[PDB]
């Protein structure tokens, strides 16, 4: 029951962000929530092309890095590649089929699009510093350390996607699928969406910021400056992406949108807290991996783990969760110089 053009005229201004009547005409003259249009406009004015970034001296710098430092850099780069590959497609397949307001529909499309520009910039980098790009790309899928986080993130999307299909196809209630009985609940589906958004918020707000830290640590040493320029542009986008999921979440839990969402948000508090905390933990185990056999000027396991906690506190707070860490200061204040 999904349609690329719903034939019944409806007032999109009195429609919920999700689960209402699929958007028919895409208009931008009216806004239910000013944030989304503000984000689309911002994102469009931020438009950049990875190919235009000069990554010439970068091969030299990378080739000169000792092995563990190449390991730190490339592992970090494979993680960013893996995250943005998922973020390029997932928000379109997962959220797009559920959105009921035009401005949000376009924001999701604009947002997912910018991720593809991000994935393109990683290729531009990888196939410019490394000898055989295929070795790096293949490892993103076979490396157990990288895949350890991959399966958790996508799992949220995949579960939402499948539960969305049963809903669209069978609708609410119990149904007979090959003799089995299957229960499709819109309430459960709304939970899946809420949790997925929470997971996506942790990815852009925490996971990606941990990676920016390693990228900029090299930049501080005046190495990999082409990469630095790309990551700084990427970060400028992540700020916008993160803000969009923050607003979506806050609007949903504040009942200002779908009142049932406000309820669901509450039943979820623990799961959210736990998923955010689990993400932070995973980022700390990553720091162990990256720094297994050494650190470099400006970064080490301690510095990164503290940064992870610092950032986690701040993000969790922004979406109404309890701060899980005592940490209260930024150990890498220079990162703000890069961040925008």
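Numbering follows the first chain given and starts at 1.
- Relative to one another, 187-195 and 215-223 have unequal mean CA B-factors, and 187-195 is the one with the higher figure.
- The question of which stretch, 240-248 or 167-175, has the higher mean Cα B factor is settled in favour of 167-175.
- Each of 159, 204, 105, 84 has a CA temperature factor in the record; the biggest one is found at 159.
- Within the listed group 235, 93, 182, 228, the record reports its top CA B-factor for 182.
- In the deposited entry, the Cα temperature factor of residue 13 places it in the highest third of its chain's modelled residues.
- Sort the modelled residues of the chain by CA B factor and residue 124 lands in the lowest third.
- Residue 24: CA B factor lies in the highest third for its chain, per the PDB record.
- For residue 67, the recorded CA B-factor ranks within the middle third of the chain. Only modelled residues enter the ranking.
- When the modelled residues of the chain are ordered by their C-alpha B factor, residue 280 lands in the middle third.
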